[PDB]
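Notes follow once the structure below has been shown.
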Amino acid sequence: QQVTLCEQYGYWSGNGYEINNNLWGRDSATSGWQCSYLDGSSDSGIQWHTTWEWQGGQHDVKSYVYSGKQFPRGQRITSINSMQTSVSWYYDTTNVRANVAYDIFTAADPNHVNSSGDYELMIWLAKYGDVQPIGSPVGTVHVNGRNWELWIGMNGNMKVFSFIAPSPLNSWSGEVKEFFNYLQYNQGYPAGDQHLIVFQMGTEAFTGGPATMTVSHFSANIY
Ligand SMILES: OC[C@H]1O[C@@H](O[C@H]2[C@H](O)[C@H](O)[C@H](O[C@@H]3[C@H](O)[C@H](O[C@H]4[C@H](O)[C@H](O)[C@H](O)O[C@@H]4CO)O[C@H](CO)[C@H]3O)O[C@@H]2CO)[C@@H](O)[C@@H](O)[C@@H]1O
């Protein structure tokens, strides 16, 4: 690959995108490893993959390696007109306990650290094994032309909304503002007080492997 990132928090940035080998929960594993690899990048999007094996810590996330879209701090959610994104990905085996998910943090403080926020929005395009989102499911919702099981919970003082696809969506073209709109008018989410902190796509790895997730394309367009 063009770039290989095997260290915890190994980082690449280019073309308005970034990759982080974000092995934040590796201390929960009894054994394992993970690397992320850049295959290509342009202003129109990036291609990357990650390979991993993790054992132990059955219900603990070991990592959420991701590609992130970069943008200026200070964008209030209600000031954002569109948060379109396109992704195509595939796992080489589904015999893993892992998900594929977008992760978005928002915070009243526009300069909030990138590792959390006041609120978290996850969109799970796939769920392999018995792994569960934070909190409890509240029912099925229709957002951006598709149905999702909505889970709501707390991670410390951070409120987490997770939208779960009913079957794996290997190719997805989404408008993430529709999810914020849904939360603003159905879950009391204070969109006018919140700023965008991160916008990421990746995989939460729990156990299994060796396995590879290939992202044939990732792009996002915020305006
Ligand atoms: O940006 C470059 C610098 O990276 C730094 O490492 C940061 C890194 O940027 C990561 O984004 C990481 O954030 C962690 C996770 O993303 C995770 O988010 C969890 C979240 O808690 C939710 O509950 C949800 O369910 O899942 C997501 C994804 O699993 O949360 C963990 C724990 O709070 C975050 O740490 O943080 C890294 C470490 O700070 C630096 O390493 C620096 O060197 C780079 O320049």
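Just so we're on the same page: first chain in the structure tokens is A, next is B, and so on; residues restart at 1 for each chain, and ligands are numbered from 1 in the order they show up.
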Please extract the residues at most 8 Å from ligand 1, counting only C-alpha atoms and all ligand atoms, and provide them as a short mmCIF file (atom, residue, chain, number, x, y, z; two decimals) with N, CA and C atoms, in the first residue's frame, using the chain letters and residue numbers of this document.
```cif
data_model
loop_
_atom_site.label_atom_id
_atom_site.label_comp_id
_atom_site.auth_asym_id
_atom_site.auth_seq_id
_atom_site.Cartn_x
_atom_site.Cartn_y
_atom_site.Cartn_z
N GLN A 8 -0.78 2.10 17.34
CA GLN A 8 -1.97 2.70 17.94
C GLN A 8 -1.99 4.19 17.64
N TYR A 9 -3.06 4.63 16.99
CA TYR A 9 -3.26 6.01 16.58
C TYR A 9 -2.36 6.44 15.44
N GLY A 10 -1.80 5.49 14.70
CA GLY A 10 -1.11 5.82 13.47
C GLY A 10 -2.00 6.63 12.56
N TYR A 11 -1.44 7.64 11.89
CA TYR A 11 -2.27 8.68 11.29
C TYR A 11 -1.76 9.06 9.91
N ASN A 20 -7.07 6.99 10.68
CA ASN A 20 -6.49 6.79 12.00
C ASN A 20 -6.62 5.32 12.36
N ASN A 22 -7.09 3.52 14.84
CA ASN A 22 -7.61 3.99 16.13
C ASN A 22 -7.89 2.80 17.07
N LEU A 23 -6.80 2.22 17.59
CA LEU A 23 -6.89 1.02 18.44
C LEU A 23 -7.12 1.41 19.90
N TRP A 24 -8.19 2.17 20.12
CA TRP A 24 -8.37 2.81 21.42
C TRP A 24 -8.65 1.81 22.54
N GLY A 25 -9.21 0.65 22.22
CA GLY A 25 -9.57 -0.30 23.26
C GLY A 25 -8.69 -1.54 23.27
N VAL A 61 -15.12 -3.13 22.60
CA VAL A 61 -14.52 -2.69 21.35
C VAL A 61 -13.01 -2.58 21.52
N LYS A 62 -12.26 -3.20 20.61
CA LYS A 62 -10.80 -3.07 20.61
C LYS A 62 -10.33 -1.85 19.83
N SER A 63 -11.09 -1.45 18.80
CA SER A 63 -10.62 -0.45 17.87
C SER A 63 -11.80 0.04 17.05
N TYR A 64 -11.67 1.26 16.53
CA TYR A 64 -12.57 1.80 15.52
C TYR A 64 -11.65 2.53 14.54
N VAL A 65 -10.94 1.77 13.71
CA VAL A 65 -10.14 2.42 12.69
C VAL A 65 -11.08 3.05 11.68
N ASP A 103 -19.40 7.31 12.38
CA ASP A 103 -19.35 7.88 13.72
C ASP A 103 -19.23 9.40 13.58
N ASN A 114 -11.56 15.68 19.81
CA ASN A 114 -12.17 14.85 18.77
C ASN A 114 -12.55 13.44 19.23
N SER A 115 -12.26 13.08 20.48
CA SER A 115 -12.47 11.73 20.97
C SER A 115 -13.84 11.50 21.58
N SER A 116 -14.66 12.54 21.71
CA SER A 116 -16.03 12.41 22.20
C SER A 116 -16.75 13.70 21.85
N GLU A 120 -23.41 11.75 20.21
CA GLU A 120 -22.80 10.88 19.21
C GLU A 120 -23.88 10.31 18.32
N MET A 122 -24.22 7.38 15.44
CA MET A 122 -23.62 6.28 14.70
C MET A 122 -24.63 5.76 13.69
N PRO A 133 -25.30 -2.14 20.05
CA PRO A 133 -25.02 -0.72 20.25
C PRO A 133 -25.18 -0.34 21.71
N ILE A 134 -24.73 0.88 22.02
CA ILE A 134 -24.97 1.47 23.33
C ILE A 134 -26.47 1.64 23.56
N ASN A 155 -23.15 7.08 27.13
CA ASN A 155 -21.76 6.67 27.35
C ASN A 155 -21.18 7.77 28.22
N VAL A 160 -25.84 8.83 22.96
CA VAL A 160 -25.45 8.10 21.76
C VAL A 160 -26.71 7.62 21.06
N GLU A 204 -15.95 -1.01 13.98
CA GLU A 204 -15.67 -1.34 15.37
C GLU A 204 -15.39 -2.84 15.45
#
```
With a cut-off of 12 Å, could you pull out the residues of region 29-126 of chain A touching region 169-187 of chain A and give me the nearest pair of atoms for each, distance in Å to one decimal, using only C-alpha atoms, ordered by chain and ascending number, as a tab-separated table?
```
residue	atom	partner	partner_atom	distance
A:76	CA	A:180	CA	11.5
A:77	CA	A:180	CA	7.8
A:78	CA	A:180	CA	9.0
A:79	CA	A:177	CA	10.6
A:80	CA	A:177	CA	7.8
A:81	CA	A:177	CA	7.5
A:82	CA	A:177	CA	5.9
A:83	CA	A:176	CA	5.2
A:84	CA	A:175	CA	4.4
A:85	CA	A:174	CA	5.4
A:86	CA	A:173	CA	4.3
A:87	CA	A:172	CA	5.5
A:88	CA	A:171	CA	4.3
A:89	CA	A:170	CA	5.3
A:90	CA	A:170	CA	6.0
A:91	CA	A:170	CA	9.0
A:92	CA	A:170	CA	12.0
A:99	CA	A:169	CA	11.2
A:100	CA	A:169	CA	9.1
A:101	CA	A:169	CA	10.2
A:102	CA	A:176	CA	9.7
A:103	CA	A:176	CA	10.8
A:104	CA	A:176	CA	9.6
A:105	CA	A:180	CA	11.4
A:106	CA	A:180	CA	10.4
A:119	CA	A:183	CA	10.9
A:120	CA	A:180	CA	10.6
A:121	CA	A:179	CA	8.3
A:122	CA	A:179	CA	9.7
A:123	CA	A:179	CA	9.0
A:124	CA	A:169	CA	8.8
A:125	CA	A:169	CA	5.1
A:126	CA	A:169	CA	6.3
```
Q: Tell me which protein, DNA and RNA residues are within 9 Å of region 207-214 of chain A, counting only C-alpha atoms, leaving out same-chain ones fewer than 4 positions away, and put them as number ranges by chain.
A: A: 29, 32, 47-62, 88-98, 100, 202-203
Keeping only N, CA, C and O atoms, write those residues as a CSV table (one decimal), in the first residue's frame.
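Here's the written file out27.csv:
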```
chain,number,residue,atom,x,y,z
A,29,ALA,N,-8.0,-6.5,25.0
A,29,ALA,CA,-7.8,-7.7,24.3
A,29,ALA,C,-6.8,-8.6,25.0
A,29,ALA,O,-5.9,-8.0,25.6
A,32,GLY,N,-3.8,-9.9,19.8
A,32,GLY,CA,-4.3,-9.3,18.6
A,32,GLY,C,-3.4,-8.2,18.0
A,32,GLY,O,-2.5,-7.7,18.7
A,47,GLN,N,-9.5,5.4,-0.9
A,47,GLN,CA,-9.7,4.0,-0.8
A,47,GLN,C,-8.7,3.5,0.2
A,47,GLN,O,-7.5,3.9,0.2
A,48,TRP,N,-9.1,2.6,1.0
A,48,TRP,CA,-8.2,2.1,2.1
A,48,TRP,C,-8.7,0.7,2.5
A,48,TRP,O,-9.8,0.3,2.1
A,49,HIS,N,-7.9,0.1,3.4
A,49,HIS,CA,-8.4,-1.2,3.9
A,49,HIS,C,-7.7,-1.4,5.3
A,49,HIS,O,-6.8,-0.7,5.7
A,50,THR,N,-8.2,-2.3,6.1
A,50,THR,CA,-7.7,-2.6,7.4
A,50,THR,C,-7.7,-4.1,7.6
A,50,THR,O,-8.7,-4.8,7.2
A,51,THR,N,-6.7,-4.7,8.3
A,51,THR,CA,-6.7,-6.1,8.6
A,51,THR,C,-6.4,-6.2,10.1
A,51,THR,O,-5.6,-5.5,10.6
A,52,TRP,N,-7.1,-7.2,10.7
A,52,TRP,CA,-7.0,-7.3,12.2
A,52,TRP,C,-7.3,-8.7,12.7
A,52,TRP,O,-8.0,-9.4,12.0
A,53,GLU,N,-6.8,-9.0,13.8
A,53,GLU,CA,-7.3,-10.1,14.6
A,53,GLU,C,-7.3,-9.6,16.1
A,53,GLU,O,-6.3,-9.0,16.5
A,54,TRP,N,-8.4,-9.9,16.8
A,54,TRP,CA,-8.5,-9.6,18.2
A,54,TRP,C,-9.2,-10.7,19.0
A,54,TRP,O,-10.2,-11.3,18.5
A,55,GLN,N,-8.7,-11.0,20.2
A,55,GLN,CA,-9.3,-12.0,21.0
A,55,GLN,C,-9.4,-11.5,22.4
A,55,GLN,O,-8.6,-10.7,22.9
A,56,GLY,N,-10.3,-12.1,23.2
A,56,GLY,CA,-10.6,-11.7,24.5
A,56,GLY,C,-11.5,-10.4,24.6
A,56,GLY,O,-11.7,-9.8,23.6
A,57,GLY,N,-11.9,-10.1,25.8
A,57,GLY,CA,-12.7,-8.9,26.0
A,57,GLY,C,-14.0,-8.9,25.1
A,57,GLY,O,-14.2,-8.0,24.3
A,58,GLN,N,-14.8,-10.0,25.3
A,58,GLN,CA,-15.9,-10.3,24.4
A,58,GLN,C,-16.8,-9.2,24.0
A,58,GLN,O,-17.1,-9.0,22.9
A,59,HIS,N,-17.1,-8.3,25.0
A,59,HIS,CA,-18.1,-7.2,24.7
A,59,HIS,C,-17.4,-5.9,24.7
A,59,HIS,O,-18.1,-4.9,24.8
A,60,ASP,N,-16.1,-5.8,24.5
A,60,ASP,CA,-15.3,-4.6,24.5
A,60,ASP,C,-14.8,-4.3,23.1
A,60,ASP,O,-14.2,-5.2,22.5
A,61,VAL,N,-15.1,-3.1,22.6
A,61,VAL,CA,-14.5,-2.7,21.3
A,61,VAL,C,-13.0,-2.6,21.5
A,61,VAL,O,-12.5,-1.9,22.5
A,62,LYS,N,-12.3,-3.2,20.6
A,62,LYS,CA,-10.8,-3.1,20.6
A,62,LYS,C,-10.3,-1.9,19.8
A,62,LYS,O,-9.3,-1.3,20.2
A,88,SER,N,-18.4,2.4,-0.4
A,88,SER,CA,-18.5,1.0,-0.8
A,88,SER,C,-17.4,0.3,-0.1
A,88,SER,O,-16.2,0.7,-0.1
A,89,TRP,N,-17.8,-0.8,0.6
A,89,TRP,CA,-16.9,-1.6,1.4
A,89,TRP,C,-17.3,-3.0,1.4
A,89,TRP,O,-18.4,-3.4,1.1
A,90,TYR,N,-16.4,-3.9,1.8
A,90,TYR,CA,-16.7,-5.3,2.0
A,90,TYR,C,-15.7,-5.9,3.0
A,90,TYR,O,-14.5,-5.6,2.9
A,91,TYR,N,-16.2,-6.9,3.8
A,91,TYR,CA,-15.3,-7.7,4.6
A,91,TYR,C,-15.0,-9.0,3.9
A,91,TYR,O,-15.9,-9.5,3.1
A,92,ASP,N,-13.8,-9.5,4.0
A,92,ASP,CA,-13.4,-10.7,3.3
A,92,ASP,C,-14.0,-11.9,3.9
A,92,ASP,O,-14.2,-12.9,3.2
A,93,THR,N,-14.4,-11.9,5.2
A,93,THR,CA,-15.2,-12.9,5.8
A,93,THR,C,-16.1,-12.2,6.8
A,93,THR,O,-15.8,-11.1,7.3
A,94,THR,N,-17.3,-12.7,6.9
A,94,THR,CA,-18.2,-12.2,7.9
A,94,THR,C,-18.2,-13.0,9.3
A,94,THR,O,-19.0,-12.7,10.2
A,95,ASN,N,-17.2,-13.9,9.4
A,95,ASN,CA,-17.0,-14.7,10.6
A,95,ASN,C,-16.2,-13.8,11.6
A,95,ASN,O,-15.1,-14.2,12.0
A,96,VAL,N,-16.7,-12.7,11.9
A,96,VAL,CA,-16.1,-11.8,12.9
A,96,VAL,C,-17.2,-11.2,13.8
A,96,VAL,O,-18.4,-11.3,13.4
A,97,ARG,N,-16.9,-10.7,14.9
A,97,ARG,CA,-17.8,-9.9,15.8
A,97,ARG,C,-17.3,-8.5,15.6
A,97,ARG,O,-16.3,-8.1,16.2
A,98,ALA,N,-18.1,-7.7,14.9
A,98,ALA,CA,-17.6,-6.4,14.4
A,98,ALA,C,-18.8,-5.7,13.8
A,98,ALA,O,-19.8,-6.3,13.4
A,100,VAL,N,-19.7,-2.2,10.9
A,100,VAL,CA,-19.3,-1.2,10.0
A,100,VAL,C,-20.2,0.0,10.2
A,100,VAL,O,-21.4,-0.1,10.2
A,202,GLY,N,-15.9,3.7,9.5
A,202,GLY,CA,-14.9,2.7,9.8
A,202,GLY,C,-15.6,1.4,10.3
A,202,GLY,O,-16.7,1.2,10.0
A,203,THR,N,-14.8,0.7,11.1
A,203,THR,CA,-15.3,-0.6,11.7
A,203,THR,C,-15.0,-0.7,13.1
A,203,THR,O,-13.8,-0.5,13.5
```
When you count only C-alpha atoms, which of these residues is closest to residue 205 (chain A): A:158, A:107, A:131, A:38?
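So, comparing all the options, the nearest one is A:131.
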Calculated over only C-alpha atoms, which of the candidates A:147, A:132, A:2, A:200 has the smallest distance to residue 68 (chain A)?
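Among the listed residues, A:200 lies closest to residue 68 (chain A).
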*asked:* Env of residue 46 (chain A): 7 Å cut, atoms = only C-alpha atoms, seq-sep filter 5 positions within chain, self excluded. Answer as a list in words.
replied: residues 40, 41, 217, 218 and 219 of chain A
Between CA of residue 140 (chain A) and CA of residue 153 (chain A) lies a distance of 15.7 Å
- Query: Residues of region 10-218 of chain A in helix (DSSP H, G or I) according to DSSP, as a list in words?
  - Reply: residues 26, 27, 28, 77, 78, 79, 177, 178, 179, 180, 181, 182, 183, 184, 185, 186, 191, 192 and 193 of chain A
Atoms to include: N, CA, C and O atoms. Write the selected residues as a tab-separated table (two decimals), in the first residue's frame.
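Listing of result11.tsv after writing:
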```tsv
chain	number	residue	atom	x	y	z
A	26	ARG	N	-7.48	-1.44	22.72
A	26	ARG	CA	-6.66	-2.64	22.58
A	26	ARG	C	-6.27	-3.25	23.92
A	26	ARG	O	-6.01	-4.46	24.00
A	27	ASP	N	-6.23	-2.45	24.99
A	27	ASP	CA	-5.93	-3.00	26.31
A	27	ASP	C	-6.98	-3.99	26.80
A	27	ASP	O	-6.71	-4.73	27.76
A	28	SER	N	-8.15	-4.02	26.18
A	28	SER	CA	-9.19	-4.99	26.54
A	28	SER	C	-8.98	-6.35	25.89
A	28	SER	O	-9.69	-7.30	26.24
A	77	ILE	N	-24.78	22.60	13.49
A	77	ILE	CA	-25.50	21.59	12.72
A	77	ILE	C	-26.60	22.23	11.89
A	77	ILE	O	-26.81	21.88	10.72
A	78	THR	N	-27.30	23.21	12.46
A	78	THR	CA	-28.37	23.89	11.74
A	78	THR	C	-27.85	24.81	10.64
A	78	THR	O	-28.64	25.23	9.80
A	79	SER	N	-26.56	25.13	10.63
A	79	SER	CA	-25.96	25.91	9.55
A	79	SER	C	-25.50	25.05	8.38
A	79	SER	O	-25.16	25.59	7.32
A	177	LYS	N	-27.51	14.79	7.02
A	177	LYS	CA	-28.38	15.81	7.61
A	177	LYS	C	-29.77	15.26	7.91
A	177	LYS	O	-30.45	15.75	8.82
A	178	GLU	N	-30.23	14.25	7.15
A	178	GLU	CA	-31.54	13.66	7.42
A	178	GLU	C	-31.57	12.99	8.79
A	178	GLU	O	-32.62	12.97	9.45
A	179	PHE	N	-30.46	12.39	9.21
A	179	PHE	CA	-30.41	11.79	10.54
A	179	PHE	C	-30.45	12.87	11.61
A	179	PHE	O	-31.16	12.72	12.62
A	180	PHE	N	-29.69	13.95	11.43
A	180	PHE	CA	-29.77	15.05	12.39
A	180	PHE	C	-31.16	15.66	12.41
A	180	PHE	O	-31.67	16.02	13.49
A	181	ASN	N	-31.79	15.79	11.24
A	181	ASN	CA	-33.16	16.29	11.18
A	181	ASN	C	-34.09	15.39	11.96
A	181	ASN	O	-34.91	15.86	12.77
A	182	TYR	N	-34.00	14.08	11.73
A	182	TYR	CA	-34.84	13.15	12.49
A	182	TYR	C	-34.65	13.35	13.99
A	182	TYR	O	-35.64	13.45	14.74
A	183	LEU	N	-33.40	13.42	14.45
A	183	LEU	CA	-33.17	13.55	15.89
A	183	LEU	C	-33.65	14.90	16.41
A	183	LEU	O	-34.17	15.00	17.53
A	184	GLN	N	-33.48	15.96	15.62
A	184	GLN	CA	-33.87	17.29	16.06
A	184	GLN	C	-35.37	17.37	16.34
A	184	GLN	O	-35.79	17.96	17.34
A	185	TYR	N	-36.18	16.75	15.47
A	185	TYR	CA	-37.64	16.85	15.56
A	185	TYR	C	-38.32	15.65	16.21
A	185	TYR	O	-39.53	15.70	16.45
A	186	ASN	N	-37.59	14.57	16.52
A	186	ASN	CA	-38.18	13.40	17.15
A	186	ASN	C	-37.51	12.97	18.44
A	186	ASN	O	-38.10	12.17	19.18
A	191	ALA	N	-30.00	20.72	17.85
A	191	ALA	CA	-29.13	20.91	16.69
A	191	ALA	C	-28.62	22.34	16.58
A	191	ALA	O	-27.49	22.56	16.11
A	192	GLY	N	-29.41	23.32	17.00
A	192	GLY	CA	-28.98	24.70	16.88
A	192	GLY	C	-27.90	25.12	17.86
A	192	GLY	O	-27.30	26.18	17.69
A	193	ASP	N	-27.65	24.31	18.88
A	193	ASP	CA	-26.61	24.58	19.86
A	193	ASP	C	-25.37	23.73	19.66
A	193	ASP	O	-24.42	23.85	20.44
```
Between CA of residue 148 (chain A) and CA of residue 135 (chain A) lies a distance of 15.3 Å
* Give the strand (DSSP E or B) residues of chain A, as assigned by DSSP on the backbone, as a PyMOL selection string. => chain A and resi 3-5+10-14+17-21+31-42+45-55+63-69+76+83-91+96-107+119-128+136-143+146-155+158-164+171-175+195-222
Open item on the list: Residues within 10 Å of residue 141 (chain A), please, as a PyMOL selection string. Count only C-alpha atoms; anything in the same chain fewer than 3 positions from it doesn't count.
Closed with: chain A and resi 138+144+146-150+163-164+182
